[PDB]
Structures are given as C-alpha cells and as structure tokens.
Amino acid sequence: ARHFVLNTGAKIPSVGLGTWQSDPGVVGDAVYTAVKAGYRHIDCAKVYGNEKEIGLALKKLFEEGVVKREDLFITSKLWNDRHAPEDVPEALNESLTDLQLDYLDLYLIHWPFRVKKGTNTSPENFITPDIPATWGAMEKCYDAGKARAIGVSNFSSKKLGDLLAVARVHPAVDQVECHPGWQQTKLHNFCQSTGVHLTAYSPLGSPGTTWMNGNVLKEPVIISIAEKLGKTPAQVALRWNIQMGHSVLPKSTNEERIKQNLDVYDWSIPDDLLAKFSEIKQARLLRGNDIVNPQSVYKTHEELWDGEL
C-alpha cells in the first residue's frame, strides 16, 4: 500500500513530505525527522527557497546511514521563468546542486504558465507558453537520467491530454490540488486511463495558508469519519487520497504531525464512509488568481483550469 507505480516503472512512495513554507531554519530537521520516521519521498521546488537546507538534511541522512540515495524519492519543479528549452537543463542542474543530488526521481513543469527568464511575477513579464518545446527539453533531462521521471503540475485533463499527444516520454505525474474539498474526479479518471500518476498537493487543504481559504479538516464529514474510526481529521483526509490511488504531500515541521501523517497505511476508510465524501462542498483553494489576467494566455479561471468541477 506504501507506493504507487509510475509509467517509468519507478515506485513513488504514497506519502511525501511537503516543503512549501518550510522556512530554511526549520526545513532541515523536518526532512531529517520525517525520513527517520519512515518517509521516503520529499516534494521540493526552487521557488520554495529552501532546497540548499533540504540538501544539507539529505546529506546528514546519507552520512548517518539512515537511508541510501536509492531509498528516497526526491521531486523538484521547473519554475515559470525557466520554460525556454535552453533554460530547462540549467534550472534542473541548479536544483541538483542545491539538493546535492546527482539525479531527481521526478522533475515537474511547475505550471502551464511562463514568464521572461529572471523576472518577477507581474503581467508585463508574461510570455505565451510553449509547453511542447519545454517538454522536449524535459525529455532530454530524462534521457540523461538527471530526472529519472518527468511530469507536470497544475495541468487540467485537457492540457495533460494535449501534452500526451506530442510527448515521446509521457508525463509520469500530474501534481494537482487534491483533497476532500477538491476531489478532481475528471483528472483522476483521465490519469487512470492514460497511466499518469496523480500526486495530491495541499492534501489537508493547506490550513496554514490563509489566502487559500481551506477548511478541509473542519468538514463535518471528515470530523465524523475521524471520530467513527478513532483517527485524526488529517489521517482521514490523507487516507481518502491514498484509497483513490493518489500520492499525498502533507507538509509539517512538527515531529508529532510528521509521524501522524505517515500513519495512513495499516487501516482503511470503510466503503460506507467513503460514500459520505459525496456530501463535501467542492471548491478549488489554489485558484491561480495572479496568472488569470487580460495580459495572460488565461483570461479566465475557466481557460486556466479548462472548466473542471
């Protein structure tokens, strides 16, 4: 139950440590504690501003013999300013250098969204995406073994299908917002049908991010099932995603929560309680408000997300 299989043949551990908003001063101990506790998957990004400190914690884990490199699944992501095909391998190499790794298990296009190299998120810096050219550069990173799997993030089933149609190396993963509040049934089915793995980001509904407006652990259905099964609301949210065949990326820098977030394997949500997830109102929490704009290729939220419910 503790891994899913990618179209590359690789195993992705079902639970990964999230590192968004894990500040440099705390991320190291979080990664170190998480892997000692049994985590074998770390989700990273250049734009999280902490990959050097993650690299220092991975180095410590390897040097203390907690794990070997081959035991871990490390993900990073190509930021929106590195979409130019010549820029892709250089961005991967920057993350490899900071993480002090020879390869990533997964390198993702972070968003189907592009800005001019080295610029800030601001509408004059928006450039028309060229996802096929960017993917082509991602495929050479895969050929080189520097990214043992390549994938995408924040791609609707429409944009994922458009890319699959021209890919000589299919995306292994589409990492999207997915939790009881945003169940992604269409993309779930699409990913199952195309052999693409769905990794759930913000699987608790990112309760530490106020601008995301998440309420997932306060959902009556979640609190009820938690009370019925003797689990925490977080455990119920995480287990739901795992039973859908999705990997989850719970973020914590708290040792007790890091441990509880891995305790999602030796118990199940009965089918009758799975039925109750129907009653949860659906709302996307990470809407991409800042890349939907008259200056954007996405003039509306519908254009960015292709209408998904």
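Quick note: we count residues from 1 along the sequence shown, nothing fancier.
Taking the mean C-alpha B-factor of each stretch as recorded, 253-261 and 279-287 are not equal, and the higher mean is that of 279-287. Stretches compared: 220-228, 98-106. Higher mean C-alpha B-factor in the entry: 220-228. Reading the B-factor column for the CA atoms of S202, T128, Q183, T199 in the entry, the top value corresponds to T128. For the set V166, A234, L72, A172, the PDB entry assigns the largest Cα B-factor to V166. Residue-level temperature factors show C191 in the highest third of its chain, judged at the C-alpha atom. In this PDB entry, the Cα temperature factor of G245 sits in the middle third of its chain's modelled residues. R239: CA B factor in the middle third of modelled residues in this chain (values from the PDB entry). Per the PDB record, residue ranking by Cα B-factor puts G9 in the middle third of the chain.
In the deposited entry, the Cα temperature factor of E90 sits in the top third of values across the chain's modelled residues.
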